[PDB]
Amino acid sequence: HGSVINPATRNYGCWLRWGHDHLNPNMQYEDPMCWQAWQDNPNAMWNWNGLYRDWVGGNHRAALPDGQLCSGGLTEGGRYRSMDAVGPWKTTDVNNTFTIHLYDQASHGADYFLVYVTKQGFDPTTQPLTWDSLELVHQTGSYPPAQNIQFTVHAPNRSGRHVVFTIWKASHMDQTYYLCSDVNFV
């Protein structure tokens, strides 16, 4: 159980920024995407480390229909479905070369990570996330059990607002985490 801490995923960030003030009506105006998320299902944030599927068998495309990538294909009864929403999600500023930092409290290890980034021209404020919209920019091999895992990726030919989609395949069983992070390539 865990998530990408940097660049923070959607639900981790929503928890981090608003967990201490989750019913604040001004969230609507300060962080509208976090607002809609908290409105829909507070557990998307309280259980921020739980965005996984079991028994995907490597078939990520089958498990995650277009427009449901960020929710893990509506995993856990749609718990994270608000992650699929379209709009001005808060971004982390990154360079074209950036570090992914995963935290996993259970130290499951990883068989691999896949890192996809949206193509130039994609607009996350108006368009749902699709497999077409993403290109694979990084692939790792396995990592031993550890609470913190990090590695550097390069996402070429990108500028401004994008989505980084990280697939983390745990080593303890066929459990796969699906981690969307909003970024701004500066």
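We number the residues from 1 along the sequence you see.
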item: 64 to 72 versus 150 to 158 - which carries the larger mean C-alpha B factor in the record; value: 150 to 158
item: Of 112 to 120 and 93 to 101, the stretch whose C-alpha atoms average the higher B-factor in the entry; value: 93 to 101
item: Most elevated Cα B-factor in the entry, residues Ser133, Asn59, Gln36, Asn47; value: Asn47
item: Criterion, highest CA B-factor; candidates, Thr166, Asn11, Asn24, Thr176; value: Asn24
item: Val186 by Cα B-factor - lowest, middle or highest third of the modelled chain; value: highest
item: Chain-wide C-alpha B factor ranking for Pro42, given as lowest, middle or highest third; value: middle
item: Modelled-residue ranking by C-alpha temperature factor, third containing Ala106; value: highest
